[PDB]
Structures are given as C-alpha cells and as structure tokens.
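# Overview (structure and organization)
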Amino acid sequence: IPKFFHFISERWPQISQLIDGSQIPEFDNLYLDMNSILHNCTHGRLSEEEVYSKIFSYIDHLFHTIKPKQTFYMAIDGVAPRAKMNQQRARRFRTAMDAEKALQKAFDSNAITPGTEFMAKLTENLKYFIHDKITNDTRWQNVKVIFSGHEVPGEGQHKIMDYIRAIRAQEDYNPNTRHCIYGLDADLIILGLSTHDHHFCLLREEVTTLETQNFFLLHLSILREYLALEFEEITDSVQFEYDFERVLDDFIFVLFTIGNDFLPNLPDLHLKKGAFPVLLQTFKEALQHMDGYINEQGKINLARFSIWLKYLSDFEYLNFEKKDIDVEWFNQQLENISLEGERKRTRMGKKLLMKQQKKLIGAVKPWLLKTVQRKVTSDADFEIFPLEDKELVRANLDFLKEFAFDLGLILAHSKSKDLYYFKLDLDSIXXXXXXXXXXXXXXXXXXXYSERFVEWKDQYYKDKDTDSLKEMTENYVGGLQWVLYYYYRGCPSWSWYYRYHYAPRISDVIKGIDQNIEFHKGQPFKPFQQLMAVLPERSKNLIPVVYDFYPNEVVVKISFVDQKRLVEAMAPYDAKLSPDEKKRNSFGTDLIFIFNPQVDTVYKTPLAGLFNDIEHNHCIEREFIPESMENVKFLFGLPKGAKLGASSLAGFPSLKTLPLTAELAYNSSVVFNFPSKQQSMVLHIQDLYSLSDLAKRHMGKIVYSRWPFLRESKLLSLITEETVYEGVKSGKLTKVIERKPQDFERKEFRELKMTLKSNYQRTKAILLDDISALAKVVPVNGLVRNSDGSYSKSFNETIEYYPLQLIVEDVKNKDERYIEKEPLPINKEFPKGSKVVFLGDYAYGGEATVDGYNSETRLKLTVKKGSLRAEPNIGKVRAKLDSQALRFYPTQXXXXXXXXXXXXXXXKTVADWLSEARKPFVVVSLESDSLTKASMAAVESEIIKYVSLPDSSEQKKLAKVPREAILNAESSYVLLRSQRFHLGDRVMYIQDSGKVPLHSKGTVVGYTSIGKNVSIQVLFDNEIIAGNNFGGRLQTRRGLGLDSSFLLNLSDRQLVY
Ligand SMILES: [Mn+2]
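Residues numbered from 1 in each chain as written, not as in the entry; some residues may be left out. Heavy atoms only, no water. Residues with missing side-chain atoms left out of burial classes, pairs and counts.

## Points about the overall build of the chain
Helices and strands together make up the secondary structure of the chain, namely 28 helices and 34 strands. Along the first, second and third principal axes, the C-alpha set of the chain runs to 135 × 90 × 75 Å. (Helix = DSSP H or I, 4+ residues; strand = E, 2+ residues; numbered from the N terminus.)

Structure, rendered in structure tokens:
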C-alpha cells in the first residue's frame, strides 16, 4: 500500500531496529519469501555460476543474520490463483515490452515463472546448495530446512502463512514462538499482525555489497503496543466488549480494503497526500457506532462494513467538492471528523437521558396522581416509589431533587444508601384540590449527495444509471471477501477473479453489499496452462515451442483470458510433450532436509566455476514434508498463556516497562529525512520516586538500558548537575564515591541533557520529564573465559549515557546467551573427538582433534598443519610501501591534503573547482583505512601465483598439551575480537559456520569500524563463492568484509603457546 510503511513509521516511530552487529534476539523460525531475491540476483548477461553465486550468498546472508533455532522455511512462487493472473499477465507483458522497447533499441526476466526451463534448473541448483550447507555449516545442522519451491502451487507469502497457521493450530505449539519473515513487501507487516503471535519480526532492507547493506528488524511486539495505544482511547465508548485483538483484526480488514494485490485500488484515496490519518480516523469513529466487530476471523459483516463505508463515502464526496488536495486540507478534515464524532456522541447521550427522563415521569404520573387523591389528616399511610439504578440515580441528583421538589415529593434514601425512593412530602401541609391541580401542572411540565457529483461519477464509469454497476460493485465486494479469506483462512478459490480493470467509486460500493457470498475451492492450473495464461507472444520461447489473447500493444488494459477457450486450444498439443515437460507440467511437494553424521554419499554439482561435488563429507537427506492436520481447528488470536508486554522473552521491545502517558500530537517527528507533517504517538515518561542509595544498590551491577529495547549493561557512574556517584572495584565489592564535577564534566552534563531530551522528542516522539540524573553505562557484549575455566559477562569499552528515568532495574526474562557459567572438566569442555583450534607454534590456527586426556589438566590431540610453506609476503610489503609513500604531518593531515591546499592557493580560485576536486570520496570512520588500489591488485597478483606453488599438509599426534593451547572458536567471539589487525596481516577464518570454508587464509586489505564493531576486509587466498571484487578493485571474487570474531590473525599472533 502506497505510503504505508512511511506512514506507520512516522506515526509509531520506534517500531524498527537497524541490524548493526550488536546483539539481536534469538529466533525460533525464519521464513524466506525468495521471489524478490531471484529477480534481484538476475539483474545488476552474467553466467549461471555468478548468478547462483549471488542467490546462495543472499539466502546464506539472511540465514546467518537471524540464526534460527528450530525451523528455516524457504518459499518460491508456485502457480497463483486466478485472482492474480490478470496482474501476473500485465506485469509479464510490460517486461517483454520494456526489454524490446528500451535496451534492445534505445536475460528474460519472465523466465522466473513456474514451469519454465530456468526454474527446473533453479530447484536442482538450490537443492545442491542446501546439501552443501547442511554438510558443512554447523549452524545449518540443528534446524529443519524446509523448501517449498515453485513445483508447489501458491504464492510464497501465502504458503508461508499456511505453514504458520498450521503449526500454531496444533495442541503443543510453543505459545511464545519467536517468528521472523524476510521480505520486501510492506504487506508482510499486516500478515504478521494477522497471526496474533506477539513475538514476531520482519527482516527488511533500507528504503531511504551485501555485508555493507542495511537490514532492519521491524518489531511487531512494539507495533502492537503502539496500536493498542492508538485505539484504547475508546474502550469506554464502544457498544460491545472491547478487545484489542479484535480491534486489530478490524484494523486489518480496513488496511486490506485500502489496498491489496488482487482488487484494484478504490479511486481518489489520496494517500501520497495525507489521507491516511483521516482514513484511520474514519475507522476510529466507525467502531463506535456499531454492534460488534466487522471481522469474524476473516468473515466480513457487510451490515457493519457499510457503517464504515458511509464515512468513506462522505470522504469521497467532500474531497470532490475541493480544489487541490494537500496535507493542509487533510489536517483540517481530520479535526472536523473528530469534532463531529464528539458532537454525535454527546447528542446520543442527551437522547439516552431524555428516554430515561420519560420512562421516569411515565412511571411516576399514575402513582403520584393516586397519592395526591387523599387529603391530609393527622407517612406510612402512603406508597413509596423505589428507584433501582442507584448508579444512575447518583449521577442525576440535582435533577431528581428538583423533580422531587416540583412534584411535591422527597427523594429519600436509607442509612446504608442501598435503597433510594420517592415519597410524598407529607411534612409540608380545605379545597386543596389545588394541590391535585399543582401536581397535575407540574407533571404536565416534565412530559415536555450533490448532482454535479452524480454526473461526475457517471462520467467516470462511462469513461472506463444501470445495474451492470450492481454487477461491477458486487464483483468488488466479493473481492474484499476473497482477500480477507485468503489471508485469514487460506485460498478460498483457485478461480475467482475481479473482472474489471477499475474499482467503483467509493460512494457506490454500497450497491454491492446486497449479496450472499460463497466460493468454490476449484483447483490450480497445470503449470503450462498458467504459463500460457501469462506471458506474451514476445517471450514465446520459454513455452515449450509447440504452442488473439496476445497483443503487441496494450494501468495495463490487457484483456482477460477466456480459460475454457484456453485449456481446450492447448489439448490438441497436449499429448505431444516430452517426458521432461510432463515432468515440468505437474506438481511437486514440499521438501525437508536433515543432518545425519552416519550419511556419507557423493553429491554431484549442477554448476561450473567455483563449485565442486560434495564428497565423503556429504551428510544430508531430502524427503517429502507432510504437516499432520487432523480434526484440528485454526487458532485465531493469542494462544493460551502467551507472554506479553513486560513478560515478553528477552530481546523483544516493550513500552510497558516504564510508567508513561501517550497522546497523539503534531510532534514534527524525524524518522527518515524530513519532519513528518502528521501526528505521532508521543510518549510522556514519568520519573520514578534516595539518589544516594540508588547508586549504592546498582553501582557496577547489571541495570537495563536502551529502554524500548532493554538490554543488560553495567552501571558506572551517576552524573548530576552538582554530584558524581562513582564505582570502584574494591576487589570483591564495588563501592560508591560521591564528589563534585570537574569543569568538563559539568560542561558535558549540561550539553548532554539538552541533547538527549530533544533527540528523544525529535527522533522517537519520547517527551522526557526533564533530566534529573544520568546513568552512565556499558552494555553486555558477550561472555568471556577467565583463567580458572569459568565464563563471565564481557562489556563493550564504549560509554553510553541515558537519562535515569529510562533505566529499568530488572526484567522477567533474561537473555540466556549471557547467563554466566561455572568451570567445566576437560572431557566436557573439550570432549573426545571435539574439533578445536590449535594455538601454539607448531600450527597456529591448526585443526585439532581431542583424542583423550593425559591428566585432568592436560590433553592429547591430532593437529593438522594445513601448509608446510611460508606465509606469503605482499600484504606486509605493501602496507609499508603505502605508509612510506604517503607521509602524514601534525598541524603544528596528508601530503595529498598539502597538494590540494597548494593547488587551490596557486589556483586564487573558487568555488565549484573545489566541489569538482571532492569527487573521489575517501569518507569513513576514524580508525579505519586501506591499501592503495595499486597495492590491492599487486596483492591479488602475487597471491594468485603463490596459491599455485606446490604445497602439502601434515598431521602430528600431540600430547601433554595444556588447555590453553587450544580454543573453541565457537564460544570465543570476544577474545577473537580483542585482536589487533593491520593492513597486510595474514589471516585465517576460524569459525565452523558462515560464508567462508573453515581454515581459509587471506590477507587483510583494509579495516572498517562502525564505532565498536570492527569489520575486517579480507582478500582471500582462494576465491570465495560468497565474495566480491571490492567494486572493481579486484579481478576475481577473492573479497569479503567480515567481523573480527571470525578471524585468527597469523602475522600478529596474539594467542600463541
Ligand atoms: Mn502483497
């Protein structure tokens, strides 16, 4: 939907988290919607090796970003239902056209469709990659890999949704399953929301090389929390039982109604002009003038939906009777609508009051006139008129008492106030037949579109007064219903479709709700028939060359295929296919891939270039995947005992952890590039209330920072305007020192507080109290081994500051990856047969196998020395060349700067001359440099020849080895990160998983620190299926940026002996 991510992002400004090598949450399941990848990898013709090189690299990249623990689910598009074939066929036709039109004059992308010759190979290739991976990447070895390829009918998106819905439907489903779906389509956010699984993210890529691309976790846990805040404002006004999950479901129907992939958009919604606030507002008001929800688990209530429609119709109508439409106009429309809802609900309430008022006189009259029929003499000699709605009595006491006064009555009660009633005011008194007339007079007293419009609408339908409109209309309304069912329950029909290119006017949808809608499940086309129902006589050559409905000229007003006419026109030519085409023109199954050490088979490669066979180390089988449905219902909404808010698993965000107040406002929030011109959910944070015992309680202990995304950190000091509380390790117990601030600390503190409060307002719509203190913290960056074999919390060296009000003391669910652990015995910490990294001079970085133990402190191993030849030399050589070739000086700045300041002065010149000079950009963080492009290539050439000199390996039985000559690279990310790296330094990939085969050497060509996280740029010895040429700088795929935790540095050996 057109501004949907943009609009959602600005309005609810904390929903998404940049992935930047800091810890992200653990996930149970990752689902890949892959079709965007295949496209994106087959443009920028390049070769099959290079093409699949990319795709493997992409799938692999996303798999390592998440590290799913249970299920990894890959999906490609099978044959779609008819509801999509017109657009499938419009898209496809535009590609063939644009190819011929553009490029050709001034690879056939359409091959990526099911049944195609390309796609039969793709499945052969991908399968190979999966097998290679499950054989060699340890991380890929404890998950279910499930491939649902193009052989199987349905959209990836939809196939994924059917899996999630099938597993959540069970009676043993983990209630707090952490879900992640990768994909570019904003719609996934809505499908995600549709599942009602709180612990759910979307892997996405930016929207303003692979290792330097930005990816985000969009967090549905906090989005839901924001949504709850969006709609809570009612709770008290709706005429049914308020339920957020049901509200959310209706908000989803509204979102599908606004846009979805199948029906065409309703005309003039004006999204890219700020109707969005208004459309929502529409829903908000509608929800209050209805008898229950619009959406019964995907079933639509048309009666209900037309109450919402009426608002949408007024919307259409008012905006026709406007000139241009802009934000200014929608902002004032938003106000008017709110004001109307307020007025309307006030009248509604006056009406209710008046009704109660009438029943009341209506019940009093006969008992009053009988009471006043008896003249007084000389209290219990009368009937009392009890009143029963105490709560409503109590809200109406001035009235009741004035009523009582007027009719000559008292409003009485009881000491315990459990009974109210009227009674004659007897203590207040003859032709007093004037009391009976005064009573009677008192009782009497209380008993008191446009036409230019229709035409302008008619001139729309003509362009692209009847009852074939009832037919259009009803097709559209049917559609909405097909869409919702599709998403909440599964494809309801392989054959339903919207038979028109355009949507009706909003104010007309009404004509089409007077229907009873059912569907017939049907069955999907065979591949080749779909192949024909889509594809133009311009990419005819992907269809088995053997075969109107196919223009050369064509909002794409491409004709709709007559299906009946088509299955038949092909069945002549049906029996003439190969055995491979009868293979391609059928359906497959989902496949499942398992790891099994006792499997040892040879897997042939369907690829050239850098790929080979998977040898005596091949370890996967494929199988058909079932699913096991039964007499099982789907589960709609949250599962029983699902943890939400402050009880969410670690890693996932929550607003519920602090105490706060939320309000929609024009906060000019700056989520992207310019300040939003619409309201944000502004968060007003409440201070928690000593400041001395606070310091004493938490100093040097673990407190939670980053609010929104609470991670553990250690509290270092507690700045204040006039006082610093510091932490000093006294050995065992760290204690608190209080002192006045130094001038720069008092400077920093004032400059910091002002900077935080406005950044939180401008960037996140968090309105802070005003900064009391300031917790200074460092975050937990892993675990780390101590001498005694124990493992304990490690911390990032970089100081961060947070207002104290955003500091949380504790959290129910703690990040398991950071539970400190006690020492272990040799045989458990390095079990017999375990594979390990040998430190120590014989083979620094050698593959080691634990054979047994000599002692209970010494162990014996087999160490493979992977090479008997000296490490190559150039990196080092070149590093010193560059540094000698480009000397730096202190102000009292590089020789190339000297030449630029001597060029500018000698020309006296400007200005553009300077902008011209600025073209070759050397723009990067402070500790991070590079080898000269020259050097880079010299390193490449001198490697290419090194890696073809004769060379051999060598093993050695070793014994009496002390535990610290060996390490588990697996669980030493911190140690490894702690290593210097310099340009030229020889390096080895040391990790049992990732994108480089174990033990590969390379040279460091340049480092790049994104603050705290270092990324080493490695020119590898051998080519790497996952690498690149560092954007031309190289001539082969030897290049890769990588995190230091993957690398042993062999030049500057920092862990030897
Ligand atoms: Mn979509």
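## Some details on the sheet that holds strand β16 (residues 680–685)
Strand order in the open sheet made by the 3 strands is β15-β16-β21, with mixed pairing throughout. Each edge of the open sheet is held by one strand with a lone partner, namely β15 (660–665) and β21 (766–767). Here β16 runs beside β21; their pairing, made up of 2 bridges, is parallel. Counted as the bridge partner of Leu683 is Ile766 from β21. This element, helix α8 (residues 220–232), spans β15 and β16 of the sheet and lies at about 95 degrees to β16. (Pairing = 2+ DSSP bridges. Contact = heavy atoms within 4.5 Å. Axes fitted to C-alpha atoms, helices over the stretch in contact; angles between N-to-C directions.)

## A look at the domain arrangement of the chain
With domains assigned, the chain is organised as domain 1 (1–348 + 449–1057) and domain 2 (349–448). A separation of 70 Å is found between the C-alpha centroids of domain 1 and domain 2. Summed over both sides, the interface of domain 1 with domain 2 buries roughly 340 Å², with 38% coming from carbon and sulfur. Taken together, the connections running from domain 1 to domain 2 amount to 0 salt bridges. Here domain 1 and domain 2 share 7 residue pairs in polar contact between them. (Domains from an automatic or database assignment. Buried area = accessible area lost by both parts, 1.4 Å probe. Salt bridge = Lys/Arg side-chain N within 4 Å of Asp/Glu carboxyl O. Polar contact = N/O pair within 3.5 Å; in protein donor to acceptor, adjacent residues only side chain to side chain.)

## Considering the coordination of the manganese ion
Those donors, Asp185 (OD), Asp187 (OD) and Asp261 (OD), are the protein atoms that reach the manganese ion, and they lie 1.8 to 2.5 Å from it. For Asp187, a relative accessible area of 3% corresponds to the buried category. Using a relative accessible area of 38% as the deciding quantity, one classes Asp261 as partly exposed. (Donors = N, O, S within 2.8 Å, 3.2 Å for Na, K, Ca; no water. Buried < 20%, exposed > 50% of the residue type's maximum accessible area, 1.4 Å probe, protein only.)

## Looking at the packing of helix α9 (residues 244–258) against helix α17 (residues 469–489)
Close contact between α9 and α17 brings their axes to 10 Å; oriented N to C, the two are set at 130 degrees. Of the possible angle classes, the one that applies to α9 and α17 is oblique. At the point where α9 passes α17, the crossing takes the right-handed sense. Listed contacts from α17 to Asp249, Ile252, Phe253, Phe256 and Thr257 of α9 are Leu480, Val483, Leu484, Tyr487 and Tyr488. (Parallel < 35°, antiparallel > 145°, perpendicular 65-115°, else oblique. Left-handed = near helix turned anticlockwise from the far one by under 90°.)

## Brief notes about a positive patch on the surface
Taken together, the side chains of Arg343, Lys344, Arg347, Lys350 and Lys351 present a region of like positive charge at the surface. With respect to the helices and strands, the residue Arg347 is situated in helix α12 (residues 327–371). (Patch = residues over 30% accessible without salt bridge, like charges linked within 9 Å, V, L, I, M, F, W, Y side chains within 5 Å. Areas by Shrake-Rupley, 256 points an atom, 1.4 Å probe, with all protein chains shown as cover. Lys, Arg positive; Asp, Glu negative; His and termini not counted. Charge placed at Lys NZ, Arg CZ, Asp CG, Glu CD.)

## With respect to the packing of aromatic side chains
As enumerated under the stated definition, the model contains 52 aromatic pairs in all. Ring centres of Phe27 and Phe652 lie 5.7 Å apart, and the angle between their planes is 75 degrees; this geometry places the pair in the edge-to-face category. A residue is classified by how much of its surface remains accessible, and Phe652, at 7% relative accessible area, is buried. Of the aromatic side chains, those joined through ring pairs into one cluster are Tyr52, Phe56, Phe63, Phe72, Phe107, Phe118, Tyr128, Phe129, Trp140, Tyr603 and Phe611. For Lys821, the ring lying beneath its charged end belongs to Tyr791, and the centroid distance is 4.5 Å. Positioned above the aromatic ring of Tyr842, the side-chain terminus of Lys865 is 4.9 Å from the ring centre. (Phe/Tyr/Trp six-rings, centres within 6.5 Å; stacked < 30°, edge-to-face > 60°. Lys NZ or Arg CZ within 6 Å of the ring centre and 35° of its normal.)

## Considerations on unusual backbone geometry
Note the cis peptide between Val910 and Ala911, where omega equals 0 degrees. Relative to the elements of secondary structure, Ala911 occurs in the loop between α25 (895–905) and α26 (912–917). The backbone of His270 sits at a positive phi, close to 75 degrees, despite the residue not being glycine. Tracing the backbone through its elements, the reader meets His270 in the loop between α9 and α10 (275–286). Judged by its relative accessible area of 21%, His270 falls in the partly exposed class.

## Quick word on the sheet that holds strand β11 (residues 409–412)
Strands sit in the order β10-β12-β11 across an open sheet of 3 strands; the sheet is antiparallel. Across the chains shown, the open sheet's two edge strands, defined by having one partner strand only, are β10 (385–387) and β11. The sheet shows a mean angle of 25 degrees between the axes of neighbouring strands, direction not considered. Judged from the 4 bridges that link them, β11 and strand β12 (residues 420–424) form a sheet pairing that is antiparallel. Note on β12: the bridge partner recorded for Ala412 is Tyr421. The strands that α12 touches are β10, β11 and β12; relative to β12, the one it contacts most, it runs at about 35 degrees. Packed on one face of the sheet, helix α14 (residues 397–407) meets β10, β11 and β12 and runs near 145 degrees to β11.

## Things to note about the pattern of salt bridges
It is possible for side chains of opposite charge to pair when their charged atoms get near one another. Under the criterion given, the structure shown has 49 salt bridges. Here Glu211 makes a salt bridge to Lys995, at a shortest N to O gap of 3.6 Å. Salt-bridge contacts for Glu233 lead to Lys284; the nearest nitrogen and oxygen are separated by 3.6 Å. A residue pair is termed long-range when its members are at least 10 positions apart, and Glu233 in the loop between α8 and α9 and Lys284 in helix α10 qualify at 51 residues. By relative accessible area, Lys284 is classed as buried at 2%.

## Focus on the UniProt feature "binding site: Mn(2+)" (unreviewed entry) in the chain
When the UniProt feature table is mapped onto this chain numbering, "binding site: Mn(2+)" (unreviewed entry) sits at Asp185, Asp187 and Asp261. On the secondary structure map, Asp185 appears in the loop between β5 (179–182) and α7 (187–195). The residues touching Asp185, leaving out its near neighbours within four places in the chain, are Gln157 and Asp261. Within the structure, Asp185 has its side chain in polar contact with the side chain of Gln157 (distance 3.2 Å). With respect to the helices, strands and loops of the structure, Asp261 is situated in the loop between α9 and α10. (UniProt positions renumbered as here; feature names shortened; annotations may be inferred.)

## Observations concerning the pairing of strand β27 (residues 858–864)
Pairing analysis gives 6 bridges linking strand β26 (residues 846–853) to β27, with the strands arranged antiparallel. If you follow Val850 over to β27, its bridge partner there is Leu861. Linking β26 back to β27 in an antiparallel pair, the connection comprises 4 residues. When β27 meets strand β28 (residues 957–962), the two strands line up antiparallel, connected through 4 bridges. Paired with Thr862 across the two strands is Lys957, which belongs to β28.

## A few points about the nonpolar core
Ranked by size, the top nonpolar core spans 133 residues in total, and within it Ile189, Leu223 and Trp707 carry the most contacts. Per-element tally for this core: the top contributor is α17, with 12 residues. When near neighbours in sequence (up to four residues on either side) are disregarded, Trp707 contacts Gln14, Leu655, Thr657, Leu658, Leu660, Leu683, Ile685, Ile766, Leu806 and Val808. (Core = buried A, V, L, I, M, F, W, Y, C linked by side-chain atoms within 4.5 Å.)

## Considering the environment of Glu745
With respect to the element layout, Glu745 can be found in helix α22 (residues 743–764). For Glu745, a relative accessible area of 16% translates into the label buried. Once the C-alpha coordinates of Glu745 and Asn854 are considered, the two residues, 109 residues apart in sequence, prove to be 56 Å apart. Once residues lying within four places of it in the same chain are set aside, the contact partners of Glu745 are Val724 and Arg739. A polar atom in the side chain of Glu745 sits 2.5 Å from the side chain of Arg739.

## Side note on the environment of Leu210
Among the structural elements, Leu210 can be located in the loop between β6 (200–205) and β7 (215–219). When neighbours within four sequence positions are excluded, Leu210 is seen to be in contact with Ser57, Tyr58, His61 and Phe215.

## Some thoughts on a nonpolar patch on the surface
Together, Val910, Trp913 and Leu914 line one region of the surface with nonpolar side chains, adding up to about 290 Å² of accessible area. For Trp913, the location among the structural elements is in helix α26. Assessed through its relative accessible area of 34%, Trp913 is described here as partly exposed.

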